[PDB]
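In the structure tokens that follow, a single protein chain appears in two forms: structure 1, then structure 2.
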Structure 1
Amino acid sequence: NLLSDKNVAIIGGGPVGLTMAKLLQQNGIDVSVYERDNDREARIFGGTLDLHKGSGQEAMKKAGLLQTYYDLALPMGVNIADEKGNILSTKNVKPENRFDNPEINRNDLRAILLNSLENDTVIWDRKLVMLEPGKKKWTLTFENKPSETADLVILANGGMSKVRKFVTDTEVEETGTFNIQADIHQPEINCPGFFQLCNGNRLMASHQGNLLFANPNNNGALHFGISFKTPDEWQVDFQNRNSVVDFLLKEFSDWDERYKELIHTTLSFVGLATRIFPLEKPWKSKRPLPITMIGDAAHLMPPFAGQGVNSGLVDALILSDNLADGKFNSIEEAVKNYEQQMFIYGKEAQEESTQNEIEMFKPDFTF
């Protein structure tokens, strides 16, 4: 290894960072994962993920985890509906379909990942707040915890990473759209009409630049997302479910009872403005010590065309091969190369999601 006598700090034990830690650790590199979450049982809010043949699945295969992912994932069909509840299209799971991109729960994926690492690989309740380039090592500062040091820092702490200044002055941007999400438990009881519309399939619906996306079966809960162009007036407060309900009922008034049932029945809503971390300018080439970024820290992008975790998992695949060698002259060259590649497929991805976001939130969209 170019790492033989050294050690690696991965900031962030998301799917991407945990994957990075796996791939490095099986080449016998010393790696720790510093994670913000309080412990391994922290619930991860969100829909399910799906790993694609060619990308995410490749990373998993290399970790020897594909079969496990297949074991836990649920292949799903997709229904496309109008605001009036007519099914316009059902694409079902077929024999050949089955392994293409089965849905996995985010906690589930993390349990598979965590399980593959040696004990104490991840250090919990570690929120990285500061980063300083020492004599030969990075000094890592954690909120109300003892500082650590590392030879190589890998930022995998997601799209809103505050700790990026040594790589790039690029800032996260809002794209102009906005997402509301909620979970519904016992959906067969709590939103029967809608649960029945979904019929064990995912559902996508579109009316007047308001998108609805639901998975009826995220480990037994209905998860759903509503997306729209951010209202120029931004007026809603996500603390107050009453104010979020009011706004959704006005925006969705045109929609069938069964979609409204969804809003009435939701106890609380997560709001989020869609953000991008653009791969616009090249990153800094004068860097004090070895540092890099993978996943959403590297290339946060709108989620709407199913880009996201797969790109990040490729980043993990590419970087760990790059470092598992007597192939590059130095860690610095192994990072340089990783970033050169990632700029290409990353940029392509970002274009695809950006166009899609423009496409989707046009007045007259048609899936």
Structure 2
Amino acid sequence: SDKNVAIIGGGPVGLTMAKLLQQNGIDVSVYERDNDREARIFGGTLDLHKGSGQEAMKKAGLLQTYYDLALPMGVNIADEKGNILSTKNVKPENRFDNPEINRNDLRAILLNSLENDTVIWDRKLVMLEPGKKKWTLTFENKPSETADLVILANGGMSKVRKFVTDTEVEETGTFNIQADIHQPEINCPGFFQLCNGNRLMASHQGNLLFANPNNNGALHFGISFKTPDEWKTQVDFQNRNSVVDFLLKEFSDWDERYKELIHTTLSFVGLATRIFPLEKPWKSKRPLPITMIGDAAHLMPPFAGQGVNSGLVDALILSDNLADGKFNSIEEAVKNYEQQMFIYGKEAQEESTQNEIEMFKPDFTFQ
């Protein structure tokens, strides 16, 4: 292989691709939107499961490191008042496909395993264009670059897939509001104490709460519901007041301990749940070698655990396919990775869609 591989986007998935290819002596750059490595990453914590994510980390020789930094959480399920089922983590079961790792910590682990200057920061891919033997890649206000194989790994909202497929992101019907409380021990003490160093989830009449009281000392929480008829949007995530107003109304029946969790949030993030659905087969005729992995390839609703792990397998199976050297052409290696990922991906989205229907039914319980 006289060639080089341009990975667009250094997510947890993208950076794993980079690592798995780099250890096999392949030329690779990671082109990342973010301004620099220290950029804060919003979101809850990721956890790598024993069969999938953990297995890719293992192959990058990074499991022990991920274990070091990850923190196993128990789980409390509560009503709109007090505790219904506690699930502390059993000692022989702690490394078990749970260790909750902070999204920045995981990037810090991945980046560290890569050779210096593998990732190029302040690189926003806005355009893609097939040349003679090379993809010319266009980055907003930066010098453009060229690669032999583009791997799209830029998340659920990738604007740059036309060369692989015509399908487009869909809204699934649900919606998520998310925030971080800092010093949750004094800022939302009642709620802090409900969690009792465990993760917490509660559901009441089509609203779901999920909180993790120790994401590197910040309480992160998400509230989730069916997207209201009114919208299609009519709450403004700029004014914290409209969000507060709306949340307090929806959470009227809930305990003071949760309401205090809304009042204290300085700012909220809104998001419609989306799916990049694995319905059609992707494009056959492809001018030069291009493929997609992680959320770019199969964005799917979060609610049932799924997300990064499928995207981490995508890295495991593609790197092997491009490295173990079984196929006669890059073009075969991709097609083979894709044949497989369509199987376990659809399997997953299906389970995901399902659980999303199941839990936003007006009568759901985690029981």
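Only residues modelled in both forms are compared. Whichever C-alpha set is largest while still superposing within 1.5 Å between the two forms counts as the rigid core. Start at 1 and count along the sequence of structure 1; that gives the residue numbers used here.
- For the residue set 229, 264, 94, 185, core-aligned C-alpha shifts between structure 1 and structure 2 reach 2 angstroms or more at a single site, 94.
- After superposition on the rigid core, the Cα atom of residue 85 is displaced by 2 Å or more between structure 1 and structure 2.
- For residue 325, the Cα shift between structure 1 and structure 2 is 3.2 Å when the rigid core is held fixed in the overlay.
- Against the superposed rigid core, the only consecutive-residue run (3 or more long) showing CA movement of at least 2 Å between structure 1 and structure 2 spans 85-100.
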